[PDB]
Amino acid sequence: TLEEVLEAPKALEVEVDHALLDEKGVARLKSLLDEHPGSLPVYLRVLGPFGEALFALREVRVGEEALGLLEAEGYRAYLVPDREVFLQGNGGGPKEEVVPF
Amino acid sequence: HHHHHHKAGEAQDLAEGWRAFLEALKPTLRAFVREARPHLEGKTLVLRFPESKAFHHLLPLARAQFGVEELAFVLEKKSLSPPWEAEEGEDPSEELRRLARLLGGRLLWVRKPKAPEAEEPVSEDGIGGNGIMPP
Amino acid sequence: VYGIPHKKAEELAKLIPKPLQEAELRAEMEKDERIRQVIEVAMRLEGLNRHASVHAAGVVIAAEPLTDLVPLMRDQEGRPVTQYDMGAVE
């Protein structure tokens with residue numbers, strides 16, 4: 001349910017456009033993700049020429065400060081629910097996710 | 001009268017108060033005074049309509065009366081008008097939020113039950129618990 | 001100084017209401033690193049002359065010779081111009 005999603009640990013998601021060359025080489029995105037370590041999986045929505053792609057990042061885990069400081073630049077970040085979390089029936093749990101509703 | 005329709009119960013009882021042009025509750029009135037003004041004018045123009053009331057005796061015809069003096073309210077926004085807020089509580093907020101509008105949500109709030117949510121769903125508990133999670 | 005691309009310049013120019021000392025849309029400065037210096041240099045070159053010149057109606061009639069108390073110039077069209085301005089002459 002909605003409250004089960006909203007409580008489950010959230011993750012950072014940036015939505016970058018197609019317009020970005022590879023042989024600069026795209027180190028700008030990698031440099032700005034380095035400075036803010038933590039524990040949030042970074043997702044990338046690349047609106048390509050045909051089909052909306054889904055790209056979870058690599059090693060970098062954000063610390064929930066890099067959302068606002070990234071929106072300062074020409075990127076549209078979000079604090080979306082983490083996809084990988086959706087499973088199991090403990091830790092939260094499903095009882096505790098009914099409490100906020 | 002389009003505003004007078006939008007009327008969501010007690011919604012417009014404050015709306016008439018907030019963008020005003022009244023006279024300290026306004027003698028012999030009423031709220032709105034902007035109900036009478038278009039009756040005086042008689043929309044759209046219309047020559048055989050705004051004369052009627054002036055002959056017996058929109059905005060300029062309304063300013064031509066009128067119970068002006070007072071000067072209260074302005075917008076359209078202005079005002080007047082375990083975890084919780086908190087700390088304490090003003091507003092401005094002293095724990096969470098806001099990059100307001102959010103400010104405004106803490107002033108209608110007090111007091112003093114938590115949750116709920118009301119109206120209803122559903123993020124005032126989450127933002128609260130999330131704000132407690134960073135000690 | 002000639003009229004070349006005023007593409008982003010006209011956009012930056014239209015943000016001004018006034019001097020750059022007050023000018024409130026400064027959020028444009030944090031975006032790019034190039035335009036930080038453009039503004040900062042511009043406001044450093046703001047009040048500077050900028051040259052000139054003569055006054056449409058300005059005429060002085062001194063009792064003793066002007067050259068004793070006020071220094072002089074001569075413009076392009078051959079007018080004896082005062083080096084001080086309105087306020088300084090008065």
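Values in this text are rule-based calculations from the coordinates and carry no lab data. FYI the Cβ positions are ideal-geometry reconstructions off the backbone, even for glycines, and counts take in every protein chain you see.
Could I have the simple spin-label model distance between B:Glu119 and C:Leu69, label points 7 Å from Cα toward Cβ, reported in nm to one decimal?
Modelled inter-label distance: 7.3 nm.
Taking the alpha-carbon distance from A:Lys24 and a cut-off under 18 Å, which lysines remain once sequence neighbours fewer than 8 residues away in the same chain are dropped?
Here the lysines satisfying the reach criterion relative to A:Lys24 do not exist.
Before rounding to the nearest 500, sum -39500 (n - 2.57) across all DSSP H runs of length at least 4 in chain C and divide by the residue total; then give [θ] at 222 nm in deg cm²/dmol.
-8000 deg cm²/dmol
With unit charges on the beta carbon (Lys/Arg positive, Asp/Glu negative), name the residue among B:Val33, B:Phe49, B:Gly9 whose Cα is farthest towards the positive pole of the charge dipole of segment B:1-76.
Most positive-ward Cα: B:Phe49.
Starting at the first residue of segment B:108-114, write each ³J(HN,Hα) from the Karplus equation 6.51 cos²θ - 1.76 cosθ + 1.60 with θ = phi - 60°, in whole Hz, x for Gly and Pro.
Whole-Hz 3J(HN,Hα) from phi for segment B:108-114: 7, 7, 2, 6, 8, x, 6.
P(r) of the protein assembly as shown in 20 Å steps, Cα pairs, percent per bin?
Per 20 Å bin, starting at 0, the Cα pair percentages come out as 17, 31, 32, 17, 2, 0.
Mind checking the dipole of chain C: about its Cα centre, +1 per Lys or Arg Cβ, -1 per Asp or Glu Cβ, Debye to the nearest 20?
Roughly 380 debye, rounded to the nearest 20.
From the cross-link list B:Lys77/B:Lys114; B:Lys7/B:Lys77; B:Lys78/C:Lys14; A:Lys10/B:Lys112; B:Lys7/B:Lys43, which pairs have alpha carbons spaced over 24 Å apart?
Exceeds cut-off: B:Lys77/B:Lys114; B:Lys78/C:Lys14; A:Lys10/B:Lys112.
On a straight-distance basis, which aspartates and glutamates could pair with B:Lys53 in a cross-link, Cα separation under 16 angstrom, same-chain partners fewer than 8 positions away excluded?
B:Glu35, B:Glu41
Ranked by Cβ crowding within 10 angstrom, fewest neighbours first, how are C:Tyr84, A:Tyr43 ordered?
Lowest count first: C:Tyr84, A:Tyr43.
Under a Cβ-only charge scheme (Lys and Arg +1, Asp and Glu -1), can you give me the dipole magnitude of the protein assembly as shown about the Cα centre, in debye to the nearest 20?
1340 debye
Please work out the C-alpha center-to-center distance from segment A:59-83 to segment C:39-90 and express it in whole Å.
Centre-to-centre distance over Cα atoms comes out at 58 Å.
Just to be sure I understand: if I project the alpha-carbon convex hull of chain B onto a plane and average over all orientations, what area do I get in nm²?
Directional mean of the projected Cα hull area for chain B stands at 11.4 nm².
Would you compute, from DSSP H runs of 4+ residues alone, the mean residue ellipticity of chain A at 222 nm, taking -39500 (n - 2.57) per run and dividing by the full residue count, rounded to the nearest 500?
Value at 222 nm, helices only: -5000 deg cm²/dmol.
Is segment B:1-76 rounded, prolate or oblate when judged by the Cα gyration tensor, a ≥ b ≥ c being the square roots of its eigenvalues, rounded requiring a/c under 1.5 and prolate requiring a/b larger than b/c?
oblate
Considering just Cα atoms, how many Å³ per residue does the convex hull of segment C:5-67 enclose?
Taking only Cα atoms, segment C:5-67 has a hull volume of 165 Å³ per residue.
Rounded to whole Hz and in sequence order, give me ³J(HN,Hα) for segment A:79-94 from the Karplus expression 6.51 cos²θ - 1.76 cosθ + 1.60, θ = phi - 60°, writing x for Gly and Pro.
So the Karplus estimates, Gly and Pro as x, are 10, 7, x, 5, 5, 5, 6, 5, 5, 6, x, 8, x, x, x, x Hz.
Using a Förster distance of 25 angstrom, determine the FRET efficiency expected from the C-beta separation of C:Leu25 and B:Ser81, and round it to 0.05.
Efficiency, from the Cβ-Cβ distance: 0.30.
Grab the DSSP H runs of chain B that are 4 residues or longer, score each as -39,500 (n - 2.57), total them, divide by all residues and round the 222 nm result to the nearest 500 deg cm²/dmol.
Taking each H run of at least 4 residues, the total per residue is -8000 deg cm²/dmol.
For C:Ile61, C:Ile35, what's the fewest-to-most ordering of other Cβ within 10 Å of each Cβ?
C:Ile61, C:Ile35
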